[PDB]
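K.L.:
For reference, the file input_3.csv (CSV, C-alpha atoms) is included below:
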chain,number,residue,atom,x,y,z
A,26,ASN,CA,13.0,11.8,12.9
A,27,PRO,CA,14.6,14.1,10.3
A,28,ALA,CA,11.4,13.9,8.3
A,29,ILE,CA,9.6,17.3,8.2
A,30,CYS,CA,7.1,17.0,5.4
A,31,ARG,CA,7.2,13.2,4.7
A,32,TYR,CA,4.7,12.3,7.4
A,33,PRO,CA,2.1,9.7,6.6
A,34,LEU,CA,-1.6,10.4,5.7
A,35,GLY,CA,-2.7,10.6,9.4
A,36,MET,CA,-3.9,7.2,10.4
A,37,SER,CA,-0.5,6.3,11.8
A,38,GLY,CA,-0.9,9.1,14.2
A,39,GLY,CA,-4.7,9.0,14.8
A,40,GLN,CA,-6.0,12.0,12.9
A,41,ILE,CA,-7.5,10.1,9.9
A,42,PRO,CA,-10.7,8.0,10.0
A,43,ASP,CA,-11.1,4.4,8.9
A,44,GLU,CA,-13.6,5.1,6.1
A,45,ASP,CA,-10.7,6.7,4.1
A,46,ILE,CA,-9.0,3.3,3.7
A,47,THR,CA,-10.8,0.7,1.6
A,48,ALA,CA,-9.6,-2.9,1.3
A,49,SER,CA,-10.6,-4.6,-2.0
A,50,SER,CA,-9.2,-8.0,-0.9
A,51,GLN,CA,-10.0,-8.7,2.7
A,52,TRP,CA,-11.8,-11.7,4.4
A,53,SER,CA,-13.1,-10.2,7.7
A,54,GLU,CA,-13.1,-6.9,9.5
A,55,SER,CA,-9.9,-7.8,11.3
A,56,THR,CA,-7.7,-8.5,8.3
A,57,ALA,CA,-8.6,-5.4,6.3
A,58,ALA,CA,-6.6,-2.2,5.4
A,59,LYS,CA,-8.4,0.3,7.6
A,60,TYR,CA,-7.6,-2.0,10.5
A,61,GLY,CA,-4.4,-3.4,9.1
A,62,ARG,CA,-2.1,-0.7,10.4
A,63,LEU,CA,1.4,-0.5,9.0
A,64,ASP,CA,3.6,-0.8,12.1
A,65,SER,CA,0.8,-2.3,14.2
A,66,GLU,CA,-2.1,-4.7,14.4
A,67,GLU,CA,-5.5,-4.5,16.1
A,68,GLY,CA,-7.4,-7.1,14.1
A,69,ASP,CA,-5.6,-10.2,13.2
A,70,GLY,CA,-2.0,-9.3,12.3
A,71,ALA,CA,-1.7,-8.3,8.7
A,72,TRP,CA,-3.8,-7.5,5.6
A,73,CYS,CA,-4.6,-10.7,3.6
A,74,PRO,CA,-7.4,-11.8,1.3
A,75,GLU,CA,-9.2,-15.1,1.3
A,76,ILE,CA,-7.6,-16.3,-1.9
A,77,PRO,CA,-4.1,-16.8,-3.3
A,78,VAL,CA,-2.5,-14.1,-5.5
A,79,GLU,CA,-1.6,-14.8,-9.1
A,80,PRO,CA,0.3,-13.0,-12.0
A,81,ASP,CA,-2.8,-13.4,-14.1
A,82,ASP,CA,-5.7,-13.6,-11.6
A,83,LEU,CA,-5.6,-9.9,-10.8
A,84,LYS,CA,-9.1,-8.8,-9.8
A,85,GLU,CA,-8.7,-7.6,-6.2
A,86,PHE,CA,-6.6,-4.7,-4.9
A,87,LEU,CA,-6.2,-2.0,-2.3
A,88,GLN,CA,-7.9,1.4,-2.2
A,89,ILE,CA,-6.5,4.3,-0.3
A,90,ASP,CA,-8.3,7.6,-0.3
A,91,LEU,CA,-6.5,10.7,1.0
A,92,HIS,CA,-8.1,13.8,2.6
A,93,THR,CA,-7.2,16.3,-0.1
A,94,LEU,CA,-4.7,17.1,-2.8
A,95,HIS,CA,-1.5,15.7,-1.2
A,96,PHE,CA,2.0,14.8,-2.5
A,97,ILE,CA,3.3,11.3,-1.8
A,98,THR,CA,7.1,11.4,-1.9
A,99,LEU,CA,7.6,8.2,0.2
A,100,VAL,CA,5.8,4.9,0.7
A,101,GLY,CA,5.9,2.4,3.6
A,102,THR,CA,5.2,-1.3,3.6
A,103,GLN,CA,5.3,-3.8,6.5
A,104,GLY,CA,5.8,-7.5,5.7
A,105,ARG,CA,4.3,-10.4,7.6
A,106,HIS,CA,6.3,-12.5,10.0
A,107,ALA,CA,5.5,-15.0,12.7
A,108,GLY,CA,8.9,-16.5,13.7
A,109,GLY,CA,9.3,-18.2,10.4
A,110,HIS,CA,5.6,-19.1,9.9
A,111,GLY,CA,4.6,-15.7,8.4
A,112,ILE,CA,7.5,-15.5,5.9
A,113,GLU,CA,5.0,-15.0,3.1
A,114,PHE,CA,5.0,-11.5,1.6
A,115,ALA,CA,4.4,-9.5,-1.6
A,116,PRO,CA,7.4,-9.5,-3.9
A,117,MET,CA,6.1,-6.6,-6.0
A,118,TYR,CA,3.1,-4.2,-6.3
A,119,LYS,CA,1.9,-1.3,-8.5
A,120,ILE,CA,1.2,2.1,-7.1
A,121,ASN,CA,-1.7,3.8,-8.9
A,122,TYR,CA,-2.9,7.4,-8.3
A,123,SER,CA,-5.8,9.6,-9.1
A,124,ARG,CA,-6.9,13.2,-8.6
A,125,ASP,CA,-10.7,13.0,-8.8
A,126,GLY,CA,-10.7,9.3,-7.9
A,127,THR,CA,-12.4,8.1,-11.1
A,128,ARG,CA,-9.5,7.8,-13.6
A,129,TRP,CA,-6.7,5.5,-12.5
A,130,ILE,CA,-3.2,6.4,-13.6
A,131,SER,CA,-0.3,4.0,-13.2
A,132,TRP,CA,2.7,5.7,-11.5
A,133,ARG,CA,5.8,5.5,-13.7
A,134,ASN,CA,9.3,5.4,-12.1
A,135,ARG,CA,12.3,7.1,-13.6
A,136,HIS,CA,13.6,3.5,-14.4
A,137,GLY,CA,10.5,2.8,-16.5
A,138,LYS,CA,8.8,0.2,-14.3
A,139,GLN,CA,5.2,1.0,-13.2
A,140,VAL,CA,5.5,-1.8,-10.7
A,141,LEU,CA,7.3,-1.1,-7.4
A,142,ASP,CA,9.5,-3.5,-5.4
A,143,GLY,CA,7.7,-5.3,-2.6
A,144,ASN,CA,9.3,-5.5,0.9
A,145,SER,CA,13.0,-5.8,1.5
A,146,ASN,CA,12.8,-6.9,5.2
A,147,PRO,CA,10.9,-9.8,6.7
A,148,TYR,CA,9.1,-7.8,9.4
A,149,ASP,CA,11.0,-4.5,9.6
A,150,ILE,CA,9.1,-1.7,8.0
A,151,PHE,CA,10.2,-1.0,4.4
A,152,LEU,CA,10.2,2.6,3.1
A,153,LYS,CA,10.6,3.5,-0.6
A,154,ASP,CA,11.0,7.1,-1.9
A,155,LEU,CA,8.9,7.9,-5.0
A,156,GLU,CA,10.7,9.7,-7.8
A,157,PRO,CA,9.0,11.4,-9.3
A,158,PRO,CA,6.5,11.7,-6.4
A,159,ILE,CA,2.7,11.3,-6.5
A,160,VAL,CA,0.5,14.3,-6.4
A,161,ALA,CA,-3.2,13.5,-6.1
A,162,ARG,CA,-6.1,13.0,-3.6
A,163,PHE,CA,-6.6,9.2,-4.3
A,164,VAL,CA,-4.1,6.4,-4.2
A,165,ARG,CA,-4.4,2.7,-5.1
A,166,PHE,CA,-2.2,-0.3,-4.6
A,167,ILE,CA,-2.2,-3.5,-6.6
A,168,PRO,CA,-0.4,-6.8,-5.7
A,169,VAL,CA,2.2,-8.0,-8.2
A,170,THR,CA,3.9,-11.4,-8.3
A,171,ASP,CA,5.8,-13.6,-10.7
A,172,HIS,CA,3.8,-16.7,-9.7
A,173,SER,CA,0.8,-18.0,-7.9
A,174,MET,CA,1.3,-17.4,-4.2
A,175,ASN,CA,-0.2,-15.8,-1.1
A,176,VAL,CA,0.9,-12.4,0.1
A,177,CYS,CA,0.2,-10.6,3.4
A,178,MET,CA,1.5,-7.2,4.2
A,179,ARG,CA,0.4,-3.7,5.1
A,180,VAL,CA,1.0,-0.4,3.2
A,181,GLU,CA,1.0,3.3,4.0
A,182,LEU,CA,1.4,6.5,2.0
A,183,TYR,CA,4.1,9.0,3.1
A,184,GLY,CA,5.0,12.5,2.0
A,185,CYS,CA,3.6,16.1,2.2
A,186,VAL,CA,0.0,16.2,3.5
Let me see whether you can do it: turn the structure in this file into structure tokens.
P.N.:
Amino acid sequence: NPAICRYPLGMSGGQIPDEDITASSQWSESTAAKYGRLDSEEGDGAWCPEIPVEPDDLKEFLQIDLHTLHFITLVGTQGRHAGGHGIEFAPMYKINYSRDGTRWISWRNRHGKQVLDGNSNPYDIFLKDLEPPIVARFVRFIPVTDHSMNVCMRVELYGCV
């Protein structure tokens, strides 16, 4: 654990509430974000809506509110996996940020792609370093795909709290 200032928001540890995490694409109170822990599962197993995702049908999304002005230099994402049954996962996803929470700014990478790569592993937690980082108090995540398909995976913000 070489990380010194890359720790997650706080939920991973148990210092942050559940009202800070909003899921704008859940079916029940067991497959939401606040309950859909990254490297864990207390509800069903993973965060997944009640409808399939599409490259055009983008209405839902994930809302993640942070305590205060924090700096996200890293981001984690856990993909679904059930011995081959839960192979489904999000191929891509955008990482939006906001200071006040009202205005939504799309994070731009040094490569020039607002959208960020999904998960690399089937179940193993996937971490991605942001560059530049994300300084704000509110963060949002939007599912991105190149075709109509269902995606189920958890996300978490990492960096300086």
K.L.:
Here is a test: counting all atoms listed in the file, which residue of A:35, A:143, A:184, A:104 is nearest to residue 155 of chain A?
P.N.:
A:184
K.L.:
Residues within 9 Å of (-7.4, 2.1, -10.1), file coordinates, counting only C-alpha atoms: what are they? Give the list as a list in words.
P.N.:
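Final list of nearby residues, as requested, is residues 86, 87, 88, 121, 122, 123, 126, 127, 128, 129, 130, 131, 164, 165, 166 and 167 of chain A.
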K.L.:
Any chance you could export the current selection's C-alpha atoms as a tab-separated table (two decimals), in the frame of the given file?
P.N.:
chain	number	residue	atom	x	y	z
A	86	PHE	CA	-6.60	-4.70	-4.90
A	87	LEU	CA	-6.20	-2.00	-2.30
A	88	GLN	CA	-7.90	1.40	-2.20
A	121	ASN	CA	-1.70	3.80	-8.90
A	122	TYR	CA	-2.90	7.40	-8.30
A	123	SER	CA	-5.80	9.60	-9.10
A	126	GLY	CA	-10.70	9.30	-7.90
A	127	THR	CA	-12.40	8.10	-11.10
A	128	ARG	CA	-9.50	7.80	-13.60
A	129	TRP	CA	-6.70	5.50	-12.50
A	130	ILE	CA	-3.20	6.40	-13.60
A	131	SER	CA	-0.30	4.00	-13.20
A	164	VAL	CA	-4.10	6.40	-4.20
A	165	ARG	CA	-4.40	2.70	-5.10
A	166	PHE	CA	-2.20	-0.30	-4.60
A	167	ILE	CA	-2.20	-3.50	-6.60
K.L.:
Taking (3.3, -15.7, 1.2) as a centre in this file's frame and 10 Å as the limit, can you find every polymer residue with an atom that close, using all atoms listed in the file, and give them as a VMD selection string?
P.N.:
chain A and resid 73 77 to 78 104 to 106 110 to 116 173 to 178
K.L.:
Name the closest residue to residue 169 of chain A among the candidates A:81, A:44, A:67, A:54; distances are taken between atoms, counting all atoms listed in the file.
P.N.:
A:81
K.L.:
Using atom CA of residue 160 of chain A and atom CA of residue 46 of chain A as the two end points, give the distance in Å to one decimal.
P.N.:
17.7 Å
K.L.:
Which of these residues is nearest to residue 134 of chain A, using only C-alpha atoms: A:43, A:93, A:120, A:156?
P.N.:
A:156
K.L.:
Show me, as an mmCIF file with C-alpha atoms, keeping the file's coordinate frame, the residues that have an atom within 12 Å of residue 66 of chain A when counting all atoms listed in the file, minus same-chain residues fewer than 3 positions from it.
P.N.:
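Heads up, here's the output in selection_25.cif:
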data_model
loop_
_atom_site.group_PDB
_atom_site.id
_atom_site.type_symbol
_atom_site.label_atom_id
_atom_site.label_comp_id
_atom_site.auth_asym_id
_atom_site.auth_seq_id
_atom_site.Cartn_x
_atom_site.Cartn_y
_atom_site.Cartn_z
ATOM 1 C CA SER A 37 -0.500 6.300 11.800
ATOM 2 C CA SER A 55 -9.900 -7.800 11.300
ATOM 3 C CA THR A 56 -7.700 -8.500 8.300
ATOM 4 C CA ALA A 57 -8.600 -5.400 6.300
ATOM 5 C CA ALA A 58 -6.600 -2.200 5.400
ATOM 6 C CA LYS A 59 -8.400 0.300 7.600
ATOM 7 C CA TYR A 60 -7.600 -2.000 10.500
ATOM 8 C CA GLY A 61 -4.400 -3.400 9.100
ATOM 9 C CA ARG A 62 -2.100 -0.700 10.400
ATOM 10 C CA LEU A 63 1.400 -0.500 9.000
ATOM 11 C CA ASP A 69 -5.600 -10.200 13.200
ATOM 12 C CA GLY A 70 -2.000 -9.300 12.300
ATOM 13 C CA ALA A 71 -1.700 -8.300 8.700
ATOM 14 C CA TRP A 72 -3.800 -7.500 5.600
ATOM 15 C CA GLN A 103 5.300 -3.800 6.500
ATOM 16 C CA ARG A 105 4.300 -10.400 7.600
ATOM 17 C CA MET A 178 1.500 -7.200 4.200
ATOM 18 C CA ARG A 179 0.400 -3.700 5.100
#
K.L.:
Using all atoms listed in the file, which of the listed residues (A:147, A:27, A:137, A:42) sits closest to residue 109 of chain A?
P.N.:
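That would be A:147, the residue with the smallest distance to residue 109 of chain A.
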K.L.:
With only C-alpha atoms as the basis for distance, which of A:101, A:68, A:124, A:108 is at the shortest distance from residue 142 of chain A?
P.N.:
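Closest candidate: A:101.
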K.L.:
Would you mind telling me which residue in A:132, A:152, A:139, A:180 lies nearest to residue 65 of chain A when using only C-alpha atoms?
P.N.:
A:180
K.L.:
Hey, can you check how far atom CA of residue 28 of chain A sits from atom CA of residue 185 of chain A?
P.N.:
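Going from atom CA of residue 28 of chain A over to atom CA of residue 185 of chain A, I get 10.1 Å.
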K.L.:
Using atom CA of residue 80 of chain A and atom CA of residue 140 of chain A as the two end points, give the distance in Å to one decimal.
P.N.:
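Calculated distance between atom CA of residue 80 of chain A and atom CA of residue 140 of chain A is 12.4 Å.
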